[PDB]
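Reading through the structure tokens given below for one structure.
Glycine also receives a Cβ, built like all others from the backbone with ideal geometry; neighbour counts cover every protein chain displayed. All of this is worked out from the model, or read from it or from the source named; nothing here is a laboratory result.
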Amino acid sequence: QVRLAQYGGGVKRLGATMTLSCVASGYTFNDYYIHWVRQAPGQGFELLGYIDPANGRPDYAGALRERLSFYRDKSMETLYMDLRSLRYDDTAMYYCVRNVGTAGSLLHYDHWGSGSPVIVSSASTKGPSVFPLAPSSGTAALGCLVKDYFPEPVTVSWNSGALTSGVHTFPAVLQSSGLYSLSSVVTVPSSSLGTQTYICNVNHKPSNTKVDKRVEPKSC
Amino acid sequence: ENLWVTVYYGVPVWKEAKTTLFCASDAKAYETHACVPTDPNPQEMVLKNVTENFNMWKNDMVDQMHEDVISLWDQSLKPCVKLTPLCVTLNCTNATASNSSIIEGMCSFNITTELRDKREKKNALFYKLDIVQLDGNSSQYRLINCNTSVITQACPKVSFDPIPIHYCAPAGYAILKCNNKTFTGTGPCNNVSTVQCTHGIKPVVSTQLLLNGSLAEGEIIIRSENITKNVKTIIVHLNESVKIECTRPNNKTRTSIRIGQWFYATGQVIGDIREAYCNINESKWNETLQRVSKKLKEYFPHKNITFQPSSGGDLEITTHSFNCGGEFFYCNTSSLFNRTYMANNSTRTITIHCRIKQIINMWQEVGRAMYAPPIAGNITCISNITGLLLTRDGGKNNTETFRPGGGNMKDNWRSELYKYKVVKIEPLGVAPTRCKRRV
Amino acid sequence: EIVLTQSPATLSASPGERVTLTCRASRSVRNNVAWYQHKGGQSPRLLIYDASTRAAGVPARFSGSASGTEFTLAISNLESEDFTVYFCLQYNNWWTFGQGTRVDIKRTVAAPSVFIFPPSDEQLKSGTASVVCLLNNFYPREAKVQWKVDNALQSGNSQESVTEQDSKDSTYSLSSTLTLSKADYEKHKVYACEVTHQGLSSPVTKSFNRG
Ligand SMILES: *[C@@H]1O[C@H](CO)[C@@H](O[C@@H]2O[C@H](CO)[C@@H](O[C@@H]3O[C@H](CO[C@H]4O[C@H](CO[C@H]5O[C@H](CO)[C@@H](O)[C@H](O)[C@@H]5O)[C@@H](O)[C@H](O)[C@@H]4O)[C@@H](O)[C@H](O[C@H]4O[C@H](CO)[C@@H](O)[C@H](O)[C@@H]4O)[C@@H]3O)[C@H](O)[C@H]2NC(C)=O)[C@H](O)[C@H]1NC(C)=O
Ligand SMILES: *[C@@H]1O[C@H](CO)[C@@H](O[C@@H]2O[C@H](CO)[C@@H](O[C@@H]3O[C@H](CO)[C@@H](O[C@@H]4O[C@H](CO)[C@@H](O)[C@H](O)[C@H]4NC(C)=O)[C@H](O)[C@@H]3O)[C@H](O)[C@H]2NC(C)=O)[C@H](O)[C@H]1NC(C)=O
Ligand SMILES: *[C@@H]1O[C@H](CO)[C@@H](O[C@@H]2O[C@H](CO)[C@@H](O[C@@H]3O[C@H](CO)[C@@H](O)[C@H](O)[C@@H]3O)[C@H](O)[C@H]2NC(C)=O)[C@H](O)[C@H]1NC(C)=O
Ligand SMILES: *[C@@H]1O[C@H](CO)[C@@H](O[C@@H]2O[C@H](CO)[C@@H](O[C@@H]3O[C@H](CO)[C@@H](O)[C@H](O)[C@@H]3O)[C@H](O)[C@H]2NC(C)=O)[C@H](O)[C@H]1NC(C)=O
Ligand SMILES: *[C@@H]1O[C@H](CO)[C@@H](O[C@@H]2O[C@H](CO)[C@@H](O)[C@H](O)[C@H]2NC(C)=O)[C@H](O)[C@H]1NC(C)=O
Ligand SMILES: *[C@@H]1O[C@H](CO)[C@@H](O[C@@H]2O[C@H](CO)[C@@H](O)[C@H](O)[C@H]2NC(C)=O)[C@H](O)[C@H]1NC(C)=O
Ligand SMILES: *[C@@H]1O[C@H](CO)[C@@H](O)[C@H](O)[C@H]1NC(C)=O
Ligand SMILES: *[C@@H]1O[C@H](CO)[C@@H](O)[C@H](O)[C@H]1NC(C)=O
């Protein structure tokens, strides 16, 4: 029955302010505290703070008391949070979550919201650079590096999709500069490096640029 | 041998259960009380060797008190006039008196009166806590709660007020009671008694502190839930009252507006403008906070304790709220709680500025709004603060931080009914004995 | 204060088996502990809201027990859906979460095929020559990589990624990248990646010489 929808997200520029939101639904608004938890990539969950919906009393984590700010709107059953002066390590997807509060104590979470991803990076839309990785020189391997593109998605395939022998495409890693990058590899028999053709196809829809790099020529 | 079933009636044994409780009180005044007819007189019997359990956080009578208070207020406001036609667009510049920044209502509006075809450009005074700017030109304004709820003016003659109330159990139920001098509101009492009715409980409404209350037997008592170190509210009960005084020096001039119903606006403010304020004995407050810190750092033994003012929320929780007469106060308490303590009689007075407003949202929740008619003349008030509604900040390392709160009105009355408990008598019981029944 | 050191990182079990998880609290938390089931990015779900009390709507196969400071969640009939990430919670203090434990498909131990690629010449021309390593088709997840340049350790300035557990053979593929500038890349002649895994009998250290 209860649903905690969320809005706001996408990309927020470095140093700018952002404002997420929540909307309660199928329950008595005053009876349950709301908390805002976040998960940076490659980290465990951590709590920011919580806001009582009835009287609006907030309470923040120690390290983020200056930046955060929570407030609600009882009539619309809406909640908010502002995180001023976004830093690079604020890259995280932020849930709003309910908790089961007793008459005199707070306890576990039960119902989690849909969540709002937030990416902190200040860069325009940009297509990828494509660096071919030298093949290893019974099963050899080779790869290609998709470098410095923004935003996601990106698509990668080999030999115009014709080659699939151990083909893999690792998930992208948000580098310190705010531009994504990933690597794609393919395993082939050792003798194939001298004879078989190798094309790495790269497609980036938001910029629409496309490159089909040849990893074969430097079989060395 | 020759032991047979026997049955006894009127046995002294009971079981705990929830039930409706009676309303009884003294002779009714003012023509919080709407209850008829009764005249209670309680008598207490100390029970030898009676060891009984208690719990302040679970007892049902707190919820019954809450519902009864809400229903009584609803019935009080039921016949009174509704201020719906006042929602029209106000036009406001309001720079007449010496200080308009304090009030800023001096606002005009077109009200329909007594013919339904004629409109009159009345004007009145309002605090701009009650008034919200409309979008566009900043001279257009509107009542704060009109777009969210209807507004009922409180009936001026019906002055509901903290009149004492006695809660009596019905026949077949007994109100138990505990008078252990060091009881924290929970745990077993080995010093138990029973009474027909509770004492003259007053339904006081206040935030950040509860006033006109009782005082503990020993030193200051710190009652809190103990399921988790994470807690919602920590109740502190004083053993020594500190006197708080408040006043509203200006002479207000009531005026009546025909929207046989009538609307009581503020007509004019007489006397030079002085913001409301309150007084506290500085030495008493220092000593009370020192004792509170010393008591409180027993529970939290290896950390510093620091008091700081509340953060965020409505005016009901950011500032100490209460009522004296037919007006409502919201007093900045930052200067009081700004203290810190290390982990290891009336010579001076503190003064705190304070603000008043008329359109009171219903204290428990928003959706129904009250409008307070203005009290003419000047107001003075005196009361006895007796406890603190603190709430601590988690997630802080090697430093506690307790700050005032207590927007939830239920904590005010849960701080009083820690004494009591209701049980159901179970008079019938069996046992073995020697017997015969002739056949 | 309270550091729920959830362990082990990855549990391996065949479908239908019983499996157990642990959540080591750093100190006393009373009975105030809860476990959750994470999903593929979706909203987590409540399984147990005390050390033992099961939550509403949970399948009966989920069970938990207290051990003082240590706490435990046990799945009796491990279905295909249950192969996901679970994290533990405590609400006795300020509220902290565990690192999350993954439950993957068990299989036979498979060693990684190890490769190292020199930085691309086009990347040299851009002035950001960055080395790359590849671990492919291994199991379990425990495999590890250490970057070395002229047998001198490098740390911090590197990244890694891991594929999904490839359902083709239930093995992992992992790649590592060492980010460096051309000037930094010119400081050394030999660049190596020390790859270690229980499937390997030794720290297989692939390397190349510049040029
Ligand atoms: C009856 O009247 C009330 C009173 O006017 C109506 O309540 C208003 O509802 C609207 C819409 O629901 C709200 O507007 C939204 O505000 C969002 C952000 O908040 C605003 O107020 C902030 C004030 O906060 C201050 O305090 C905190 C700490 O407590 C500080 O951190 C903060 O800095 C301030 O000091 C401002 O800071 C903030 O700038 C806003 O002014 C907006 O984000 C939101 O945006 C709209 O537009 C977006 C596109 O730009 C869109 O994506 C959004 O979805 C959204 O459409 C919107 O403007 C008002 O805030 C709220 N009033 C108050 C006083 O809260 C009520 O709706 C009306 N009706 C009923 C039935 O009650
Ligand atoms: C508990 O708190 C309360 C206040 O929160 C303290 O009691 C208050 O004490 C003041 C004086 O110290 C009283 O002020 C006078 O009250 C009388 C009541 O009659 C007023 O007279 C007239 O009252 C009628 C209503 O009955 C009203 O319509 C009239 O306008 C009014 N005036 C005239 C000229 O007729 C009088 O004007 C003062 O206002 C408060 O009434 C009183 N409050 C309550 C609720 O009783 C109390 O001291 C404190 N507890 C302790 C132990 O101190
Ligand atoms: C209760 O009274 C205290 C003062 O005794 C109030 O604190 C003061 O609040 C003002 C609000 O305007 C603060 O000034 C503002 O500071 C911010 C920076 O935080 C600045 O950007 C603004 O331009 C403005 O200068 C002031 O610093 C603050 N002082 C202290 C000592 O806290 C408090 O707000 C009052 N609370 C209520 C509920 O009335
Ligand atoms: C609560 O009590 C503390 C302790 O007295 C108060 O700390 C005071 O904070 C103010 C800034 O808000 C400090 O102001 C000083 O101003 C001068 C002139 O601008 C400047 O040169 C100093 O560097 C300093 O910033 C003040 O020194 C400081 N008091 C002490 C004793 O260090 C706090 O303001 C109080 N808060 C409230 C809400 O009452
Ligand atoms: C009350 O009603 C009168 C009559 O409509 C308003 O009179 C203004 O009359 C001038 C005459 O040219 C118009 O230009 C204005 O637009 C009228 N005002 C409005 C608000 O429509 C008068 O302003 C009204 N006053 C209030 C407080 O509503
Ligand atoms: C009540 O306690 C406060 C806080 O200690 C006292 O305020 C201090 O007074 C001393 C002098 O007695 C000053 O040097 C400090 O600057 C004051 N402020 C603080 C934060 O220490 C106040 O004097 C005490 N009043 C009484 C009557 O005991
Ligand atoms: C109050 O109860 C406590 C509970 O342990 C007990 O130790 C104490 O003696 C009691 N005091 C009185 C006066 O009954
Ligand atoms: C508590 O104990 C004292 C002394 O033993 C006694 O005077 C008092 O009546 C007792 N109260 C209750 C409620 O048992």
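Would you pick out the residues in the stretch A:149-205 that are of a type in the set (S, T, N, Q), under 19 Å from C:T177 (Cβ atoms) and part of a strand (DSSP E or B)? Walk me through how you get there before you give the answer.
The first filter runs over the stretch A:149-205 and keeps only residues of a type in the set (S, T, N, Q), leaving A:155, A:157, A:159-160, A:164-165, A:169, A:175-177, A:181, A:183-184, A:187, A:190-192, A:195-197, A:201, A:203.
Then drop every residue that is not under 19 Å from C:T177 (Cβ atoms), which leaves A:169, A:175-177, A:181, A:183-184, A:187.
Once the filter is applied, which keeps residues that are of a type in the set (S, T, N, Q), under 19 Å from C:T177 (Cβ atoms) and part of a strand (DSSP E or B), the stretch A:149-205 yields A:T169, A:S181, A:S183, A:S184, A:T187.
Looking for whichever is surrounded by fewer than 14 Cβ atoms within 10 Å (Cβ to Cβ) and either in contact with a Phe, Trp or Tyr (Cβ under 6 Å, 6 or more places away or on another chain) or farther than 30 Å from B:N230 by Cα (or both) here; the options are C:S80, C:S67. Which one fits?
From the options C:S80, C:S67, the qualifying one is C:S80.
Each row is one residue, and each column tells you yes or no for (1) more than 18 Å from B:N384 (Cα to Cα); (2) surrounded by 14 or more Cβ atoms within 10 Å (Cβ to Cβ); (3) among the acidic types (D, E).
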site: B:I234; (1), (2), (3): yes, yes, no
site: B:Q261; (1), (2), (3): yes, no, no
site: B:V269; (1), (2), (3): yes, yes, no
site: B:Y277; (1), (2), (3): no, yes, no
site: B:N281; (1), (2), (3): no, yes, no
site: B:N286; (1), (2), (3): no, no, no
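Could you tell me whether B:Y341 is among the hydroxyl-bearing types (S, T, Y), within 14 Å of ligand 4 (Cβ to nearest atom) and more than 19 Å from B:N378 (Cβ to Cβ)? So that I can check it myself, show each step before the final result.
Numbers: among the hydroxyl-bearing types (S, T, Y): yes; within 14 Å of ligand 4 (Cβ to nearest atom): yes; more than 19 Å from B:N378 (Cβ to Cβ): yes.
Yes; evaluated as a whole, the condition is true for this residue.
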*Check the stretch C:65-74 and report whether any residue there is within 13 Å of another protein chain (Cβ to nearest Cβ) and either in a loop (DSSP other than H, G, I, E, B) or of a type in the set (S, T, N, Q) (or both).*
no
*Could you please give the count of residues in the stretch B:66-96 that are within 14 Å of chain A (Cβ to nearest Cβ) and either within 16 Å of ligand 2 (Cβ to nearest atom) or surrounded by 18 or more Cβ atoms within 10 Å (Cβ to Cβ) (or both)?*
1
*Only residues in the stretch B:162-179 that are within 15 Å of B:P12 (Cα to Cα) count as the first member; pair them with residues that are buried (at least 17 other Cβ atoms within 10 Å of the Cβ) and of a type in the set (F, W, Y), Cβ under 6 angstrom, at least 6 apart or cross-chain, and list the lot.*
B:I175/B:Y420
*Out of all the residues in the stretch B:44-59, which are exposed (fewer than 15 other Cβ atoms within 10 Å of the Cβ) and either farther than 16 Å from B:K421 by Cα or of a type in the set (D, E) (or both)?*
B:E44, B:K48, B:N49
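Residues A:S85, A:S75: which one is more than 17 Å from B:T148 (Cα to Cα), polar (S, T, N, Q) and away from ligand 8 (no atom under 16 Å from the Cβ)?
Details: A:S75 fails: more than 17 Å from B:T148 (Cα to Cα).
Exactly one residue qualifies, and that residue is A:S85.
Looking at the stretch A:170-186, which of its residues are farther than 11 Å from A:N201 by Cβ and surrounded by 17 or more Cβ atoms within 10 Å (Cβ to Cβ)? Walk me through it before giving the result.
Start the filter on the stretch A:170-186 by keeping residues that are farther than 11 Å from A:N201 by Cβ, which leaves A:170-183, A:185-186.
Answer for the stretch A:170-186, where residues must be farther than 11 Å from A:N201 by Cβ and surrounded by 17 or more Cβ atoms within 10 Å (Cβ to Cβ): A:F170, A:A172, A:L174, A:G178, A:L179, A:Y180, A:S181, A:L182, A:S183, A:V185, A:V186.
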*With (1) surrounded by fewer than 23 Cβ atoms within 10 Å (Cβ to Cβ); (2) touching an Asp or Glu at 6+ places or on another chain (Cβ under 9 Å); (3) closer than 23 Å to A:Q196 by Cβ as the list, and A:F131 as the residue in question, which single condition is left unmet?*
(1)
*Could you list, in sequence order, the residues of the stretch B:103-124 that are assigned to a loop (DSSP other than H, G, I, E, B) and farther than 12 Å from B:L90 by Cα?*
B:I103, B:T113, B:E114, B:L115, B:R116, B:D117, B:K118
*Does the stretch A:116-139 contain any residue that is in contact with a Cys (Cβ under 9 Å, 6 or more places away or on another chain), assigned by CATH to the domain that holds A:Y88 and of a type in the set (G, A, S)?*
yes
*If you go through the stretch C:189-206 one residue at a time, do you hit one that is surrounded by 18 or more Cβ atoms within 10 Å (Cβ to Cβ), β-branched (V, I, T) and closer than 22 Å to A:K218 by Cα?*
no
*Taking the stretch B:368-395 on its own, how many of its residues are in a loop (DSSP other than H, G, I, E, B), of a type in the set (G, A, S) and either farther than 23 Å from B:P156 by Cα or in contact with a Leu (Cβ under 6 Å, 6 or more places away or on another chain) (or both)?*
2
*For A:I199, work out the one condition from (1) hydrophobic (A, V, I, L, M, F, W, C); (2) touching an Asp or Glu at 6+ places or on another chain (Cβ under 8 Å); (3) loosely packed, with under 14 Cβ neighbours inside 10 Å it doesn't fulfil.*
(3)
*Does A:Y180 satisfy the condition of being touching a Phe, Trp or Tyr at 6+ places or on another chain (Cβ under 7 Å), under 30 Å from A:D90 (Cβ atoms) and more than 13 Å from chain C (Cβ to nearest Cβ)?*
no
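State yes or no: is B:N239 closer than 30 Å to B:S98 by Cβ and surrounded by fewer than 18 Cβ atoms within 10 Å (Cβ to Cβ)? Write out each step before concluding.
Details: closer than 30 Å to B:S98 by Cβ: no; surrounded by fewer than 18 Cβ atoms within 10 Å (Cβ to Cβ): yes.
Considered against the rule, which asks whether it is closer than 30 Å to B:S98 by Cβ and surrounded by fewer than 18 Cβ atoms within 10 Å (Cβ to Cβ), B:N239 comes out as no.
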*Counting only residues that are under 23 Å from the mean Cα position of the chain (by Cα) and either within 16 Å of ligand 2 (Cβ to nearest atom) or loosely packed, with under 15 Cβ neighbours inside 10 Å (or both), how many does the stretch B:152-185 have?*
13
*asked:* Please list, ordered by residue number, the helices (runs of 4 or more DSSP H) wholly in the stretch B:264-367 having 1 or more residues that are more than 14 Å from every other protein chain (Cβ to nearest Cβ).
replied: B:282-296, B:334-337
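Hey, does the stretch C:39-47 have a residue that's part of a loop (DSSP other than H, G, I, E, B), surrounded by fewer than 15 Cβ atoms within 10 Å (Cβ to Cβ), basic (K, R) and within 12 Å of chain A (Cβ to nearest Cβ)? Let's see the steps before the verdict.
Filtering the stretch C:39-47 for residues part of a loop (DSSP other than H, G, I, E, B) gives C:39-44.
Of the ones still in play, those that are also surrounded by fewer than 15 Cβ atoms within 10 Å (Cβ to Cβ) are C:39-42.
Narrowing the set further to residues that are basic (K, R) leaves C:39.
Subset that is within 12 Å of chain A (Cβ to nearest Cβ): C:39.
The answer is yes; a qualifying residue exists.
Quick check on my filter: what residues within the stretch B:125-140 are part of a loop (DSSP other than H, G, I, E, B) and not acidic (D, E)? Don't jump to the end; show me each part of the working.
As a first pass, look at the stretch B:125-140 and keep what is part of a loop (DSSP other than H, G, I, E, B): B:126, B:128-130, B:134-139.
Passing the criteria: B:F126, B:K128, B:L129, B:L134, B:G136, B:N137, B:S138, B:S139.
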_Residues that are within 14 Å of another protein chain (Cβ to nearest Cβ) and either of a type in the set (A, V, I, L, M) or more than 16 Å from ligand 4 (Cβ to nearest atom) (or both), at least 2 per element: which strands (runs of 3 or more DSSP E) completely within the stretch B:149-263 meet that?_
B:221-223, B:234-257
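Need at least 1 residues that are facing chain B (nearest Cβ under 9 Å) and buried (at least 16 other Cβ atoms within 10 Å of the Cβ) per element, so show me which strands (runs of 3 or more DSSP E) inside the stretch A:45-99 make the cut, counting only ones lying wholly within it.
Working: elements: A:46-51, A:58-60, A:68-73, A:78-83, A:92-99.
Of the strands (runs of 3 or more DSSP E) lying wholly inside the stretch A:45-99, those with at least 1 residues that are facing chain B (nearest Cβ under 9 Å) and buried (at least 16 other Cβ atoms within 10 Å of the Cβ) span A:46-51, A:58-60, A:68-73.
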*So which residues in the stretch C:160-211 are facing another protein chain (nearest Cβ under 10 Å) and more than 25 Å from the chain's Cα centre (by Cα)?*
C:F208
*Filter the stretch B:394-405 for residues that are surrounded by 19 or more Cβ atoms within 10 Å (Cβ to Cβ) and within 9 Å of another protein chain (Cβ to nearest Cβ); which is farthest from A:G56 (Cα to Cα)?*
B:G395
*Any idea which of (1) under 26 Å from B:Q64 (Cβ atoms); (2) away from ligand 8 (no atom under 16 Å from the Cβ) is the one B:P188 doesn't satisfy?*
(2)
*Out of the residues in the stretch C:113-142 that are touching a strand residue (DSSP E or B) at 6+ places or on another chain (Cβ under 7 Å) and more than 21 Å from A:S136 (Cα to Cα), state the one that is surrounded by the fewest Cβ atoms within 10 Å (Cβ to Cβ).*
C:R141
